[PDB]
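>>> take these chains first, placed just as they are in the complex:
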Amino acid sequence: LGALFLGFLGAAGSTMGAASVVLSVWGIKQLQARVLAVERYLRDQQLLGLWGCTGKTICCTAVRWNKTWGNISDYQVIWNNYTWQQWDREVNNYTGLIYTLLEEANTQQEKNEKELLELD
Amino acid sequence: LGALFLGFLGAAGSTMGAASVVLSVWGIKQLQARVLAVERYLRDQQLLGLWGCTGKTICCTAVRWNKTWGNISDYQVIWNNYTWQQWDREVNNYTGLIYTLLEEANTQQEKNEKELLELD
Amino acid sequence: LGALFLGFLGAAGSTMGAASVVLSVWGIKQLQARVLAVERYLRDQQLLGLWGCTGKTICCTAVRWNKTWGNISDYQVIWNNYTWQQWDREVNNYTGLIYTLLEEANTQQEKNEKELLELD
Amino acid sequence: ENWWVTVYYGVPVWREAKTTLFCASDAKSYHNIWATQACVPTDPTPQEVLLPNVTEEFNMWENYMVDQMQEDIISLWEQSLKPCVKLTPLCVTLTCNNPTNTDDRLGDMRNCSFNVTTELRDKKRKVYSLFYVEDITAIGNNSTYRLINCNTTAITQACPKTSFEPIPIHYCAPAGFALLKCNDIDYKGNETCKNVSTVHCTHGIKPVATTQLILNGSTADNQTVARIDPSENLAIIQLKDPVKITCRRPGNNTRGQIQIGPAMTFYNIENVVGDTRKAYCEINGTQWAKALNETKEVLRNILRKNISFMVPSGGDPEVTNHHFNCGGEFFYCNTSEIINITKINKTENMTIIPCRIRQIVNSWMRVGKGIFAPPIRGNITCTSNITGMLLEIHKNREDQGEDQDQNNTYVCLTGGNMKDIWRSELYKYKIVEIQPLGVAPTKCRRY
C-alpha cells in the first residue's frame, strides 16, 4: 500500500508522442518499504520543486535544447518513432547538466527579474 | 509530535457555511506512528496534487455538480442546515466517481488546451 | 542519503544581501534518521504551505513589518552589515506572532476576497 | 445552475478507527519498573477544545484502548524481568522444620536447609533459608519439602533496585487522530454523550494491578455509579467517597546473600528481628458502612431487586483474597469478614483485616510469568484510597433454588482480569480519525 503513485505504465509500448499522460518479518518489510517509497517520492518532489513546477504534470521552461544533447535529428521523428525506453538511453550523459541549468534558469533568472525589474 | 496538521476541528459543531476555514515500547510506537502519519498526509497531497490545487486550501473547478450526486434540494439549505458530519453521509457512494472526474478534467482538459490551442 | 536538501550553506560567511539563494546498529540508525529528516522536511513544507508559497523559494506578502519586531534601524544597514547568524538572534521573540499573522493574512484575507468579492 | 464542485481542506470529518497510542509521562525520572524512560515527556499545557452541538455515541465495552494498554503493561512487565537472574537451580529437595520458639510471623515461616551448587560446579554446600508456608508443598512423611512452581513454570527473581510503584501515565494520540472525551456527570456505559470535548492527551492512569477493590482510582462526582456489563458476569462500581486504607508489615528482615552461580546472587530472608505481628490492613468502619449502603441502593435501583452479599467459595487466591502490591511485597488479604458491616460498625475503634505475605507469584493470574519477590529489609507501611470495586453479578433464579427476587446472591465479588480495572478508567475516551478532504457544491467556477 502506497496509494500515492501515478503512471501505471500501461501505454508504454505505444508511441511516446501519443501517450500524453497516464490519467515479525513482513512488519519490518513494511516499515522499511514505506519509508523508502516516501523518500523516493520526496526526491522527485524536490527536483520538481526547484523548477517552478510544484503541482503541474507538464511544464515548459526557457532553457534552449542543445543540439549536442543526445543524437539530434528532426525532433518530429523523435516524437513519432520512439518510446520512453528508447529515448531514455539518449537522455543519459546529460542528466546533471540539464538538472542544474533548470535550477539556475528558474529560481535565479525569473525571481531576480521578478523582484528587481519589478519594484513591487 | 507531528507539528504539521491543520484543522483542529474546534468549530465543527457550528454551521458548515460559516466555519470557512480553521486558521523499547514507545520507541517502536513512535517509529510506526510517524511513518503512518507521513504517508497519510502524502496521500492527501496526491489527491490534492492531481486536481491542480497544490498549495491552496479552497479551490474551484470546471466540473458540474450532478443532481443525482446525493440527495439534491436547494443548495442554500445544504449550506445553512448541515454540518460536515451530516453532509459526509451524503458524500459517500460518490467518492471514486468525482475523484476520477476531477483528475480527468484538470490534468487532461486544461493541459491539452494549454499546450495545443496555445502554441507556446 | 537524503538527496533532497537545498542550501549547502557555503556562502553563509558572506553578506546576507548578496547571497541571494544557494543554487544491526546502522540499520536502526538509517531507519530512525530517514524518518526524522522526512518529518523535519514536511514541517517546513507545512509552514510554507499555509503562506501561499508552496513551490516558491522567495515570496512577498501583504503583512507590514512592525518597528518593534526586533531592533529597528535603517533596513539597508540590516542588508549590508549582517549575516543570517547575526539577524537570527533578532528574529527570535517574534516567531509565533509572525507565523500566525502570515497564516491569517494569506488563507483568510486573500481567499475570502477571492471567493466573495469575486462571485466566480 | 449546477453549483460546481469545491474542495476544502480544513475539514472536520470523523471516522471511528483503531490505531496505536503513545506515552506522556510527568518529568519525574530518577529503575521503577514502568521506568519513566523511552516515554514521551508531557506537555505543560493540557490542550482541549469544547465541541458544542455534538451528539456522539461511543461504547465502553468495546474500547480498543483497554486492550492496547493491557498489552503495553504485559510487554513492559516482560521486558523488565529480562535482565534479572533466573532462579532455576533453586528447585531442590528441602530439609525444613519450624524455625525456633497467636499473631506470630514465625509460625507462618519455615526454616529450610538445602544443598546448592557453588561457583565450582562440583562442591555443593549446605546453606539455609526461611520461607513462608504458602510457597512450599510436601513430598514424603517427614521434612522433605518442595519449593513451589518447580513443575508448573520457570521462576525468575526481580532485581532489587527496581520499584513496583505505579507512576502516572497519560495516553495521547498521534498526529492525525483525535481523542473524544465525554464530560457528563454520569455515563450509563453505552449511549450518546452530550458535552463532548476533544483532547490531545488523557489524564494520568496509574497501572495499579489488584483485585476485589480498585486503588488510587478516579472517583465519580455526583453519586456512586454502577457500570454494568450486559448481564454478562460482572459490574464495576465507582464510588464517590474515597475510603482510606492503611496496610502494615512491622519489623525488619535481616537479609543475606547466596552465590548460586556466576553473578547469580540469590537474596535470602535470613532472620526476622523486630516484631512478630502479622501483616494487617486497617480501614474506618463508618466510611465503609456508608460506601456499602450506597452501593446496595445504586445496584438496587437498576437491577430492581433487593441486594445480598455472599462470602466467596473455596479456591484460588485470585478470587478468594485481596491482592495488593504495597512495596516490594505481595499481600494476600482475607476480606471475607469485611463484607458484614452491620456487625462491624459497632466497634468505634477501627477494624483489622489479616493479611499474608507471598514471595512467589505467578504474575497477575493472566501473565503468569513467575516472579520471585526480593526480600524488603525494613519496617514497611503503605496507605492508599479505595475508589472502586469489581462486583460479580448474582446468579439468577435458576441456580440457587431459593428465591432470587430480594436475594441477589453475590457468590463472589471478584474480577480476575487486570483488564477490567483498565475498563474503569477508559470509559471516557474514543479514538477517531480525521478525514480532511471534503467535497461540496458552491457558487464559483474555475476559469
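Perfect, thanks for sending it. Numbering: from 1, shown residues only, chains lettered A, B, ... in the order given.

>>> any idea how far chain C is from the residue nearest to residue A:11 when sequence neighbours are not counted?
Closest residue to residue A:11 apart from its sequence neighbours, by Cβ to Cβ, 6 or more residues apart in numbering or on different chains: residue A:19 at 4.9 Å. Just so you know, the C-beta spots here come from the backbone N, C-alpha and C atoms, and that holds for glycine as well. Distance of residue A:19 to chain C, computed by Cβ to the nearest Cβ, to the nearest Å: 25 Å.

>>> what is the burial count for residue A:19?
15 (other Cβ atoms under 10 Å in any protein chain shown).

>>> so it makes contact with residue A:13?
No. The criterion here is Cβ atoms under 8 Å, and residue A:19 misses it with residue A:13 at 9.7 Å.

>>> center of chain A, which residue is that?
Nearest to the geometric centre of chain A sits residue A:48, at 6.8 Å (Cα atoms, centre = their mean).

>>> leaving out chain neighbours, which residue sits closest to that one?
Using Cβ to Cβ, 6+ apart, the nearest residue to residue A:48 is residue A:54, at 6.1 Å.

>>> chain E should go on the structure too:
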Amino acid sequence: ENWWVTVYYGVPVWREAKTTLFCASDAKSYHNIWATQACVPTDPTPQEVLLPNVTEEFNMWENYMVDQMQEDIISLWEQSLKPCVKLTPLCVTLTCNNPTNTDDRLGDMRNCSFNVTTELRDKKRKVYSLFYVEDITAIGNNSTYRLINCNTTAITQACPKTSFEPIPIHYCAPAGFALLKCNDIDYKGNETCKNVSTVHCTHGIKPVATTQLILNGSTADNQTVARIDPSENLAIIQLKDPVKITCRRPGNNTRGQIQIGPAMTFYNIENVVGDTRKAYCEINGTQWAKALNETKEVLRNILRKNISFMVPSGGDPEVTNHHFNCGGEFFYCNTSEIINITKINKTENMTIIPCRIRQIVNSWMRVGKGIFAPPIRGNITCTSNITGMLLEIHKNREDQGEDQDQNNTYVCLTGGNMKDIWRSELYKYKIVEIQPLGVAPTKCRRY
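One more chain to add, chain E, which I have set with the ones above:
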C-alpha cells in the same frame, strides 16, 4: 528553433533493480508454521495490465526473488522454533533392546529405557521410550545406545499445536516498483519474452520443501519443458500432466508425557497399536511411464544425445532418498526402484514405494536447525501431485570411460538445495523500478 525542454511526470521508464518484496495471503487464518499472520491480506481483484510492443529480456538463473524467498523461509523457520522447548537433557546413555515379538514397523523400532532428571534436580528416575533405528547409534558391545546428533548440533522439538502445512503465499512489490511477467507458452530460461504484462502480485507459491520431485507445483501448458543451467550441474523438468501420488502410514500411536524440567514436556511414542505395516507410497505406473517417456525426449532433443538413467550412489538421504513432509512426519522414501518403468508398467494393479519414518531431522540440509518431530497420534495419509523433477546433468565423456554419446549417465537425480524448487516457480517474474522524471524537447516555451 531549438525545441525547448519539457518535463513530464507520468513517465514509464524501467530500470532493473533489487528491493524487498512482501506478503499477500488468502484470508484463511485459524499455528501452522507460516502462520498466515503479520502477513498482508490479498486484494480481491488480481490487477494486471498487458504491455504490447514490449521486448524484454530477463534471466531465470540470476533472479533475486529466489534468494529473497529462501531467506524468508529460513528466517520464518527459525522464528517458529524459538518459543518451543529445547531437548538438551535427553542426550544420555540409552539402554535399548527389541520391543517384543516382513513389513513390521516394530522391527524398525527400539525400546529404550534411560535415566532422566526430574523436576527435583536430584532424583533421577527411569523412564522408557520407543525410537526409530535411524535415530540411534552405538557405543559399546551391548545395548549402550546414543541418541543421534548429540555431538553435531542442538535439538529442539516442535510445539505440537503447529502444522507443517504449506499455505499459498503471493509476493507483491511495494509501491514504486513493478513486476514484469512473461506469458509465452514456453520459456528457454534466458532470452527475450514477447507477451509481457505487469502485475502487482505474483500467483500463490506453496513453500513445499522436498527433493527428487516437485510437489503441488505449477504445470506447463503445451509440453513438458526442460529448464537447464548452462551445463553446470542440474536441470529442472516441469511436467504437463500432474501425476497423482498417495502416501500412507497406517495405525495409531499411543503417546505419553515425560516432564524433563519446568514446562519441559517431552512427548513420547509410547506404543504402536493399530497395524504393523510400514509407511509406503503408491503411484499409477502408466502415468509415470508416460511422464518419463516424455522427459527422455524433451532432454534428448536439446542435449542431442540418447538418454539413460542411473541409480544414485551410496551416501546421504539428502540425495539417495525422497524427502516428503506429509503431516507432522518426515518420510524418507526409496525411489531407486521406480526409475525402471519398463519392468514396472507390466503390473496393472499399482506400484509400491517403501518409506521410513524419521523423528530427528537436521532441517532441510541447508538450514540444519535440528528439529525433533513431535509424534502424530493417528491413522495418517496424504495425497499430492507430481509436477516437476530436479534432474542432475549426466557426467561427460571424460569421467565414465565408456561412451557418453547415447549413454547419458544420470548418476543422480537430485538437488539438495531448497532454492532450486523456488527457481522453478519464479521463472516468470522480474523486479523493475519506475523512473517517472522524463526530459524531452517540445514546441512550447514558458513565458
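
>>> same as before for the neighbour count of residue A:19, with chain E this time.
Other residues close to residue A:19 by other Cβ under 10 Å number 19.

>>> would you mind measuring from it to chain D?
Taking Cβ to the nearest Cβ, one finds residue A:19 at 26 Å from chain D.

>>> sorry, back to before: name the helices or strands packed onto whichever strand or helix holds the residue nearest to the centre of chain A?
Residue A:48 is part of helix A:25-49, with elements assigned from DSSP states H and E. Where contact means 3 or more Cβ pairs under 8 Å, 6 or more residues apart in numbering or on different chains; DSSP states H and E, helix A:25-49 is packed against helix B:25-49, helix C:25-49, strand E:22-24, helix E:64-80.

>>> hmm, the last one touching chain C?
No. Applying Cβ under 8 Å from any Cβ of the partner chain, one finds helix E:64-80 out of contact with chain C, separated by at least 14.5 Å.

>>> that helix near chain A anywhere?
Yes. Interface with chain A: helix E:64-80 contributes E:72, E:75-76, E:79 (Cβ under 8 Å from any Cβ).

>>> ok, of these, which come out buried?
E:72, E:76 (16 or more other Cβ atoms under 10 Å in any protein chain shown).

>>> chain F comes next; put it on the structure above:
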Amino acid sequence: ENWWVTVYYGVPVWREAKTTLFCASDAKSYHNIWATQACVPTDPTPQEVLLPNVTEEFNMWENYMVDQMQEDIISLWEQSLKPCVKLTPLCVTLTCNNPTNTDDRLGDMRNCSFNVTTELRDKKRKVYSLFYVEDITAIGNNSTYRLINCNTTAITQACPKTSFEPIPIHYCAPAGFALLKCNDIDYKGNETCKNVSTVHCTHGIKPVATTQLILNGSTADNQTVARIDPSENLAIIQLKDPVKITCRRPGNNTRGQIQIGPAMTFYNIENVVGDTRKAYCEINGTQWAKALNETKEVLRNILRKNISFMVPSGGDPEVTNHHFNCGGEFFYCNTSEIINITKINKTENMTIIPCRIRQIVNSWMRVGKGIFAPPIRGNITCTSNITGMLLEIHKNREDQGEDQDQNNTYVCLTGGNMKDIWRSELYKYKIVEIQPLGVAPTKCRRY
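If we add chain F to the chains shown above, we get the following:
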C-alpha cells in the same frame, strides 16, 4: 514605508543540536569484529566547503560524538560475542602443576588436568590444558586451582574466525545536519576557531582500544599539544613525531580441541613448540627521549611548573600496565621502566619492554563482558605508531607534603576510560542543525 515580510528558503542558520550519526567505511569487505558490514560505503569525493568570516565556538569536553561512538563500540562488541559459545561448564576444580623442565614462557604457564562433561551428560573424562598463571588462583594447600572469574562474571570465548583488527570508520551526519570542522594549527580545547569549514563526513577513526599510549592516531602538525581538562584529572598529549613500536611473541602454539557440549568446541593451548622467549616490545630510545623532552616543556609552559614523573602505584593492570591488542592476543606490558629516559638513552642498541599474555579479559575495564581469548597458532609480531599519551595531572601542594612547585608528581600516567581516546580524535567536529526558514523585511509587496 514598512518594508514588507519576505520568506526565503535557502537559509544558512545554525543551531547546536544532538542527533544520531552513521557509518562511512572504505570498500574493504572480505568476520573482523567491526565487520565492514551493514555499514555505509564511503563517497569517493571528500566533500567539504570553506566558511570565511565565521567565528564559531565549540567545546571539546562536552562533545556528544564521543559518547555516541563509545555506545556504538560497546553495542558492536556485545553483538559480536552473541553467536559464539559460552564457556560456563569450564569452571571446575583444576589439578595443576609445572608443565616440565630466565625468559621462559613455560615458567609462566601451568599444566592443568580436569574433569569435563562430555556429550553424553554422564561420562565425565579427564582432559588437560595449559594456562597462563595470571588466569588461575588458588584454593587449598596443594594443586587445587580455580579458573579465574568463576565468581565475578560469565565468560564466553570468541569465535576464532573473527579478527580484532581496527578498520577505519568515518562518521557522517544525516541530511539536515552539518559537521563543522576547525582547521587551526593548534586548538586549546575550548575557544573560538577561525578557519572553519563544513564537511559531510569525518576522517577515518580506527577504534584502537588501549591505555597509557594512543596508537595509530592522528598527529599534530606544528608542535606537540597538551589538551587539558579543567584541572580535573587528566590531560591528553598529542605528539607531532610518530614513534615506532614493535611487539613480538615468537614461536608456534600447538592447538587442540575439546568437545564441552553439542557444538561447544573449546580451543586448548596444547603445547608451546618454537621458542621460549617471553613476549616483548621494542622502541627506539632516542625518539622516545625527544618525545618526553618535548612533552615536559609543553606541559611546563602551560602549568607554569617544572615537570616530574612517578612510577604508578600497586594495583590494577588497568592502570599499572600497558594494554595492547596485537592480533588475537592481549598484551599487558610493564612500562614502569621506560619513563626514565636519562638512563635509557645511553644504550644505542635498542630497549626492551617485557610483556605478558592474558587469555581471560574482563573487557576494556568499562564493558567488562568476559571474553576468553582464542589461542593464536603462530609466530606473531605487530608494529604500530605512538602518537598520543593519556597523562594524569599531578597531585597538588596539599597531598604530597613536599613542594609541588618544581615537583609535578605524576603519580600515574593513565586513563582507564576508552572514552578519553575518542576525545582525542573528535576535538574538531561539531553537529549543527540547519534552520532554513528565514524572515526578513524587504522592498516588495505581494498583490
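
>>> could you re-examine the neighbour count of residue A:19 with chain F now present?
19.

>>> and if you look at residue D:447?
7.

>>> contacting residues for it?
residue C:120 (Cβ atoms under 8 Å, 6 or more residues apart in numbering or on different chains).

>>> which parts of the helix holding residue A:48 are buried?
Buried residues in helix A:25-49, defined by neighbour count with 16+ other Cβ under 10 Å: A:25-26, A:29-42, A:45-49.

>>> CA atoms only: put stretch D:350-362 into CSV for me.
Output of stretch D:350-362 as CSV, limited to C-alpha atoms (Å, rounded to 0.1, in the frame of the first residue of the first chain):
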residue,chain,number,x,y,z
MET,D,350,-11.2,0.5,63.9
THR,D,351,-11.3,-2.8,62.2
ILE,D,352,-8.5,-5.2,61.2
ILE,D,353,-8.1,-7.3,58.1
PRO,D,354,-5.4,-10.0,58.4
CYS,D,355,-3.0,-10.5,55.5
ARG,D,356,-0.3,-12.9,54.5
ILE,D,357,3.0,-12.4,52.7
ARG,D,358,3.8,-14.2,49.5
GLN,D,359,7.3,-14.5,47.9
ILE,D,360,6.4,-16.5,44.8
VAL,D,361,3.8,-15.1,42.4
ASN,D,362,2.7,-16.5,39.1
